[PDB]
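Source file: target.cif (mmCIF, C-alpha atoms)
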```cif
data_my_file
#
loop_
_atom_site.label_atom_id
_atom_site.label_comp_id
_atom_site.auth_asym_id
_atom_site.auth_seq_id
_atom_site.Cartn_x
_atom_site.Cartn_y
_atom_site.Cartn_z
CA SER A 1856 26.65 2.63 2.71
CA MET A 1857 29.80 4.84 2.64
CA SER A 1858 29.42 7.70 0.09
CA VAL A 1859 26.16 5.98 -1.18
CA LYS A 1860 22.99 7.68 0.00
CA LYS A 1861 19.30 7.35 -0.88
CA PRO A 1862 17.77 10.72 -1.95
CA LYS A 1863 17.26 13.19 1.05
CA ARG A 1864 13.56 13.17 2.32
CA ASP A 1865 12.74 16.75 3.48
CA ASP A 1866 12.40 16.51 7.28
CA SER A 1867 12.50 20.27 8.02
CA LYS A 1868 8.73 20.48 8.76
CA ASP A 1869 8.53 17.33 10.94
CA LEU A 1870 8.82 19.23 14.25
CA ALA A 1871 5.94 21.56 13.43
CA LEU A 1872 3.79 18.85 11.98
CA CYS A 1873 4.29 16.47 15.09
CA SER A 1874 3.32 19.55 17.21
CA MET A 1875 0.12 19.96 15.21
CA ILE A 1876 -0.81 16.32 15.47
CA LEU A 1877 -0.10 16.46 19.24
CA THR A 1878 -2.37 19.59 19.54
CA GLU A 1879 -5.16 17.67 17.85
CA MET A 1880 -4.66 14.73 20.23
CA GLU A 1881 -4.61 17.12 23.23
CA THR A 1882 -7.92 18.73 22.23
CA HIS A 1883 -9.81 15.49 21.40
CA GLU A 1884 -12.66 14.87 23.85
CA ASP A 1885 -11.39 11.39 24.69
CA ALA A 1886 -7.86 12.64 25.59
CA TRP A 1887 -8.65 13.05 29.32
CA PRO A 1888 -7.10 9.75 30.48
CA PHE A 1889 -3.85 10.68 28.70
CA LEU A 1890 -3.28 14.38 29.34
CA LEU A 1891 -1.17 13.99 32.50
CA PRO A 1892 1.07 11.37 34.02
CA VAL A 1893 -0.77 8.62 35.94
CA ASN A 1894 -0.40 9.42 39.63
CA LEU A 1895 1.90 6.61 40.84
CA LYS A 1896 1.10 7.25 44.52
CA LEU A 1897 -2.65 7.01 43.95
CA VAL A 1898 -3.05 4.19 41.43
CA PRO A 1899 -2.24 0.82 42.86
CA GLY A 1900 -0.31 -1.49 40.57
CA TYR A 1901 0.72 1.20 38.02
CA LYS A 1902 4.23 1.76 39.07
CA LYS A 1903 5.16 -1.94 39.12
CA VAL A 1904 3.26 -3.07 36.10
CA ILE A 1905 3.93 -0.22 33.55
CA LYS A 1906 7.63 -0.13 33.04
CA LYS A 1907 7.60 3.03 30.88
CA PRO A 1908 4.82 5.49 31.72
CA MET A 1909 3.99 8.01 29.01
CA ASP A 1910 1.38 10.77 28.60
CA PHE A 1911 0.66 13.72 26.26
CA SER A 1912 2.13 16.42 28.57
CA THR A 1913 5.41 14.49 28.85
CA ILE A 1914 5.47 14.04 25.04
CA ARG A 1915 4.79 17.79 24.71
CA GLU A 1916 7.73 18.73 26.98
CA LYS A 1917 10.09 16.23 25.18
CA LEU A 1918 8.99 17.71 21.85
CA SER A 1919 9.49 21.32 22.92
CA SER A 1920 12.97 20.66 24.32
CA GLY A 1921 14.56 18.66 21.43
CA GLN A 1922 14.40 15.28 23.00
CA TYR A 1923 12.97 13.51 19.89
CA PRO A 1924 15.78 12.82 17.43
CA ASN A 1925 13.33 12.06 14.63
CA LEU A 1926 9.60 11.60 13.85
CA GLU A 1927 9.79 7.79 14.54
CA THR A 1928 10.87 8.26 18.14
CA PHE A 1929 7.88 10.69 18.53
CA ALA A 1930 5.45 8.01 17.13
CA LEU A 1931 6.94 5.39 19.51
CA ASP A 1932 6.04 7.51 22.61
CA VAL A 1933 2.54 8.28 21.31
CA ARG A 1934 1.96 4.51 20.69
CA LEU A 1935 3.45 3.73 24.13
CA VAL A 1936 0.64 5.84 25.67
CA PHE A 1937 -1.95 3.47 24.04
CA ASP A 1938 -0.06 0.28 24.64
CA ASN A 1939 0.19 1.21 28.31
CA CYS A 1940 -3.52 1.96 28.36
CA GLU A 1941 -4.34 -1.52 26.92
CA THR A 1942 -2.00 -3.23 29.40
CA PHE A 1943 -3.81 -1.71 32.42
CA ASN A 1944 -7.43 -1.20 31.33
CA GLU A 1945 -10.22 -3.48 30.21
CA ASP A 1946 -11.38 -2.92 26.58
CA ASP A 1947 -14.93 -2.52 27.90
CA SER A 1948 -14.23 0.49 30.22
CA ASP A 1949 -14.44 4.16 29.47
CA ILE A 1950 -10.61 4.51 29.57
CA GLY A 1951 -10.11 1.31 27.54
CA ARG A 1952 -12.43 2.63 24.83
CA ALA A 1953 -10.77 6.07 24.96
CA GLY A 1954 -7.45 4.43 24.21
CA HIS A 1955 -8.69 2.54 21.20
CA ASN A 1956 -10.36 5.65 19.82
CA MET A 1957 -7.25 7.87 20.31
CA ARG A 1958 -4.94 5.28 18.75
CA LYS A 1959 -7.19 5.15 15.65
CA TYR A 1960 -7.36 8.92 15.51
CA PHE A 1961 -3.54 9.22 15.85
CA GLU A 1962 -2.75 6.56 13.22
CA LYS A 1963 -4.93 8.21 10.58
CA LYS A 1964 -3.36 11.66 11.18
CA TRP A 1965 0.06 10.00 11.01
CA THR A 1966 -0.58 8.29 7.64
CA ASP A 1967 -2.26 11.36 6.17
CA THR A 1968 0.46 13.73 7.29
CA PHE A 1969 3.56 11.64 6.41
CA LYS A 1970 2.67 8.55 4.18
#
```
When written as structure tokens, how does the structure in this file appear?
Amino acid sequence: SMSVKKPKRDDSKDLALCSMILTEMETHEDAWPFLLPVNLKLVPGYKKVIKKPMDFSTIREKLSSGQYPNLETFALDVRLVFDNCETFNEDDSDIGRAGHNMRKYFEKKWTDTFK
């Protein structure tokens, strides 16, 4: 509350560490469904169904331009990529499987880097 603060967690390396995690997600072999925005002219249903599209390149640009106020807003967009994937793709599809794999990969890196 006012003039009563918990001890200051050092957040000065968060930017660089989110960038490193993002690099590792970008270079994973199962990243291909997620690298670029879904083409809303060419994929029927996407525009109407997925209210907040998100992809790694869009996260990379937001990161690079100071549009994440903190590491939690970064994690929300990464998770949004996988939540969108599950909304639109069957679990038993290549893309559906890609999404589950990448989410697992991301969540371990997240815990190991910050928890």
> Out of A:1903, A:1896, A:1883, A:1917, which residue has the shortest atom-to-atom distance to residue 1870 of chain A when counting all atoms listed in the file?
Replying inline: A:1917
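Ranking A:1886, A:1875, A:1914, A:1926 by their shortest atom-to-atom distance to residue 1940 of chain A, with only C-alpha atoms included, puts A:1886 first.
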>> With only C-alpha atoms as the counted atoms, please give the residues lying no more than 8 Å from segment 1957-1963 of chain A, apart from itself and same-chain residues fewer than 5 positions off, as JSON, numbers by chain.
In response: {"A": [1876, 1880, 1885, 1886, 1934, 1937]}
Taking only residues of segment 1882-1931 of chain A that have an atom at most 9 Å from an atom of segment 1941-1953 of chain A, what is each one's shortest atom pair and its distance in Å to one decimal, using all atoms listed in the file, in chain and number order, as a tab-separated table?
```
residue	atom	partner	partner_atom	distance
A:1885	CA	A:1953	CA	5.4
A:1886	CA	A:1953	CA	7.2
A:1887	CA	A:1953	CA	8.5
A:1888	CA	A:1950	CA	6.4
A:1900	CA	A:1943	CA	8.9
A:1901	CA	A:1943	CA	7.8
A:1904	CA	A:1943	CA	8.1
A:1905	CA	A:1942	CA	7.8
```
> Taking into account all atoms listed in the file, which residue in the set A:1862, A:1868, A:1909, A:1882 is nearest to residue 1930 of chain A?
Replying inline: A:1909
>> What does the structure give for the distance between atom CA of residue 1939 of chain A and atom CA of residue 1915 of chain A, in Å to one decimal?
In response: 17.6 Å
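Picture a line from atom CA of residue 1879 of chain A to atom CA of residue 1902 of chain A; it runs 28.1 Å.
Each of A:1856, A:1966, A:1928, A:1913 was compared to residue 1889 of chain A using all atoms listed in the file, and A:1913 turns out to be the nearest.
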>> Since I can't run it myself right now, could you work out what the PyMOL selection byres ((chain A and resi 1908) around 8) selects here and report it as a list in words?
In response: residues 1892, 1893, 1905, 1906, 1907, 1909, 1910, 1935, 1936 and 1939 of chain A
Keeping C-alpha atoms for every residue in the selection just given, could you write it to a file as an mmCIF file, in the frame of the given file?
```
data_model
loop_
_atom_site.group_PDB
_atom_site.id
_atom_site.type_symbol
_atom_site.label_atom_id
_atom_site.label_comp_id
_atom_site.auth_asym_id
_atom_site.auth_seq_id
_atom_site.Cartn_x
_atom_site.Cartn_y
_atom_site.Cartn_z
ATOM 1 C CA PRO A 1892 1.070 11.370 34.020
ATOM 2 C CA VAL A 1893 -0.770 8.620 35.940
ATOM 3 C CA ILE A 1905 3.930 -0.220 33.550
ATOM 4 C CA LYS A 1906 7.630 -0.130 33.040
ATOM 5 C CA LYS A 1907 7.600 3.030 30.880
ATOM 6 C CA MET A 1909 3.990 8.010 29.010
ATOM 7 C CA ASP A 1910 1.380 10.770 28.600
ATOM 8 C CA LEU A 1935 3.450 3.730 24.130
ATOM 9 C CA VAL A 1936 0.640 5.840 25.670
ATOM 10 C CA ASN A 1939 0.190 1.210 28.310
#
```
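The two atoms in question, atom CA of residue 1933 of chain A and atom CA of residue 1912 of chain A, are spaced 10.9 Å apart.
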Please write segment 1883-1931 of chain A of the preceding block to a file containing N, CA and C atoms, as a CSV table (one decimal), in the first residue's frame?
```
chain,number,residue,atom,x,y,z
A,1883,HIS,N,12.8,-23.4,-33.0
A,1883,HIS,CA,12.2,-24.7,-32.9
A,1883,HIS,C,11.6,-25.3,-34.2
A,1884,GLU,N,11.8,-26.6,-34.5
A,1884,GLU,CA,11.3,-27.1,-35.8
A,1884,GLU,C,9.8,-27.1,-35.9
A,1885,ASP,N,9.1,-27.1,-34.9
A,1885,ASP,CA,7.6,-27.1,-34.9
A,1885,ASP,C,7.1,-25.6,-34.8
A,1886,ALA,N,7.9,-24.6,-35.0
A,1886,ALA,CA,7.4,-23.2,-34.9
A,1886,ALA,C,6.7,-22.7,-36.2
A,1887,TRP,N,6.8,-23.5,-37.3
A,1887,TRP,CA,6.3,-23.1,-38.6
A,1887,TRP,C,4.9,-22.6,-38.7
A,1888,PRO,N,3.9,-23.2,-37.9
A,1888,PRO,CA,2.6,-22.6,-38.0
A,1888,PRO,C,2.4,-21.3,-37.4
A,1889,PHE,N,3.4,-20.8,-36.6
A,1889,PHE,CA,3.3,-19.7,-35.7
A,1889,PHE,C,4.2,-18.5,-36.0
A,1890,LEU,N,5.1,-18.7,-37.0
A,1890,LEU,CA,6.1,-17.7,-37.3
A,1890,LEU,C,5.5,-16.3,-37.9
A,1891,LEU,N,4.4,-16.4,-38.6
A,1891,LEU,CA,3.8,-15.3,-39.3
A,1891,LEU,C,2.4,-15.2,-39.0
A,1892,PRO,N,1.8,-14.0,-39.1
A,1892,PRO,CA,0.3,-13.9,-38.9
A,1892,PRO,C,-0.4,-14.8,-39.9
A,1893,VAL,N,-1.5,-15.4,-39.4
A,1893,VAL,CA,-2.4,-16.2,-40.3
A,1893,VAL,C,-3.0,-15.3,-41.3
A,1894,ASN,N,-3.0,-15.8,-42.6
A,1894,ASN,CA,-3.4,-14.9,-43.7
A,1894,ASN,C,-5.0,-14.9,-43.7
A,1895,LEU,N,-5.5,-13.7,-43.2
A,1895,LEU,CA,-7.0,-13.6,-43.0
A,1895,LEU,C,-7.8,-13.6,-44.3
A,1896,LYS,N,-7.2,-13.3,-45.4
A,1896,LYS,CA,-7.8,-13.4,-46.7
A,1896,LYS,C,-7.9,-14.8,-47.2
A,1897,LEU,N,-6.9,-15.7,-46.8
A,1897,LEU,CA,-6.8,-17.0,-47.4
A,1897,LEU,C,-7.3,-18.1,-46.5
A,1898,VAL,N,-7.7,-17.8,-45.2
A,1898,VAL,CA,-8.0,-18.9,-44.3
A,1898,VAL,C,-9.4,-18.6,-43.8
A,1899,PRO,N,-10.4,-19.2,-44.5
A,1899,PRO,CA,-11.8,-19.1,-44.1
A,1899,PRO,C,-12.0,-19.4,-42.6
A,1900,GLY,N,-12.8,-18.5,-42.1
A,1900,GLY,CA,-13.3,-18.7,-40.7
A,1900,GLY,C,-12.4,-17.9,-39.7
A,1901,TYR,N,-11.1,-17.7,-40.0
A,1901,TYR,CA,-10.1,-17.2,-39.0
A,1901,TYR,C,-10.4,-15.9,-38.4
A,1902,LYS,N,-10.7,-15.0,-39.4
A,1902,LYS,CA,-11.0,-13.6,-39.0
A,1902,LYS,C,-12.1,-13.5,-38.0
A,1903,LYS,N,-13.2,-14.2,-38.3
A,1903,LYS,CA,-14.4,-14.1,-37.4
A,1903,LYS,C,-14.3,-14.9,-36.1
A,1904,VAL,N,-13.6,-16.0,-36.2
A,1904,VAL,CA,-13.6,-16.9,-35.0
A,1904,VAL,C,-12.5,-16.4,-34.0
A,1905,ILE,N,-11.4,-16.0,-34.5
A,1905,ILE,CA,-10.2,-15.7,-33.5
A,1905,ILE,C,-10.1,-14.2,-33.3
A,1906,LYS,N,-10.6,-13.8,-32.2
A,1906,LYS,CA,-10.8,-12.4,-31.9
A,1906,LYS,C,-9.5,-11.6,-31.8
A,1907,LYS,N,-8.4,-12.3,-31.3
A,1907,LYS,CA,-7.1,-11.7,-31.1
A,1907,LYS,C,-6.0,-12.5,-31.7
A,1908,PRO,N,-5.7,-12.4,-33.0
A,1908,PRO,CA,-4.7,-13.1,-33.6
A,1908,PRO,C,-3.3,-12.8,-33.1
A,1909,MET,N,-2.5,-13.7,-32.9
A,1909,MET,CA,-1.1,-13.5,-32.4
A,1909,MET,C,-0.2,-14.5,-33.0
A,1910,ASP,N,1.1,-14.1,-33.3
A,1910,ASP,CA,2.1,-14.9,-33.9
A,1910,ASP,C,3.5,-14.4,-33.4
A,1911,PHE,N,4.6,-15.3,-33.6
A,1911,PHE,CA,5.9,-14.9,-33.1
A,1911,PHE,C,6.4,-13.7,-33.7
A,1912,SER,N,6.2,-13.4,-35.0
A,1912,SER,CA,6.8,-12.2,-35.6
A,1912,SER,C,6.2,-10.9,-35.0
A,1913,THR,N,4.9,-10.9,-34.7
A,1913,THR,CA,4.2,-9.8,-34.1
A,1913,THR,C,4.6,-9.7,-32.6
A,1914,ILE,N,4.9,-10.8,-31.9
A,1914,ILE,CA,5.5,-10.7,-30.5
A,1914,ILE,C,6.9,-10.1,-30.6
A,1915,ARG,N,7.7,-10.5,-31.7
A,1915,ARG,CA,9.0,-10.0,-31.8
A,1915,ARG,C,9.0,-8.5,-32.0
A,1916,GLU,N,8.2,-8.0,-32.9
A,1916,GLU,CA,8.1,-6.5,-33.1
A,1916,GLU,C,7.6,-5.7,-31.9
A,1917,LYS,N,6.5,-6.2,-31.2
A,1917,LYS,CA,6.1,-5.7,-29.9
A,1917,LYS,C,7.2,-5.6,-28.9
A,1918,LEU,N,8.0,-6.7,-28.8
A,1918,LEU,CA,9.1,-6.8,-27.9
A,1918,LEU,C,10.2,-5.7,-28.2
A,1919,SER,N,10.6,-5.7,-29.4
A,1919,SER,CA,11.6,-4.8,-29.9
A,1919,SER,C,11.3,-3.3,-29.9
A,1920,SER,N,10.0,-2.9,-29.7
A,1920,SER,CA,9.5,-1.6,-29.8
A,1920,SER,C,8.9,-1.1,-28.4
A,1921,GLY,N,9.2,-1.9,-27.3
A,1921,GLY,CA,8.7,-1.4,-26.0
A,1921,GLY,C,7.3,-1.5,-25.8
A,1922,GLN,N,6.6,-2.4,-26.5
A,1922,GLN,CA,5.1,-2.5,-26.3
A,1922,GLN,C,4.7,-3.6,-25.2
A,1923,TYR,N,5.6,-4.3,-24.6
A,1923,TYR,CA,5.3,-5.1,-23.4
A,1923,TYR,C,5.7,-4.3,-22.1
A,1924,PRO,N,4.7,-3.9,-21.3
A,1924,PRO,CA,5.1,-3.2,-20.0
A,1924,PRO,C,5.8,-4.1,-19.1
A,1925,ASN,N,5.6,-5.5,-19.1
A,1925,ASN,CA,6.3,-6.3,-18.1
A,1925,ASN,C,6.3,-7.8,-18.7
A,1926,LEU,N,7.0,-8.6,-18.0
A,1926,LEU,CA,7.2,-10.0,-18.5
A,1926,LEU,C,5.8,-10.8,-18.5
A,1927,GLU,N,4.9,-10.4,-17.7
A,1927,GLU,CA,3.6,-11.1,-17.7
A,1927,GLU,C,2.8,-10.8,-19.0
A,1928,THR,N,2.8,-9.6,-19.5
A,1928,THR,CA,2.1,-9.3,-20.7
A,1928,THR,C,2.8,-10.0,-21.9
A,1929,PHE,N,4.1,-10.2,-21.8
A,1929,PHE,CA,4.8,-11.0,-22.9
A,1929,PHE,C,4.3,-12.5,-22.9
A,1930,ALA,N,4.2,-13.1,-21.7
A,1930,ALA,CA,3.7,-14.5,-21.5
A,1930,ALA,C,2.3,-14.6,-22.0
A,1931,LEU,N,1.4,-13.6,-21.7
A,1931,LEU,CA,0.1,-13.6,-22.2
A,1931,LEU,C,0.0,-13.8,-23.7
```
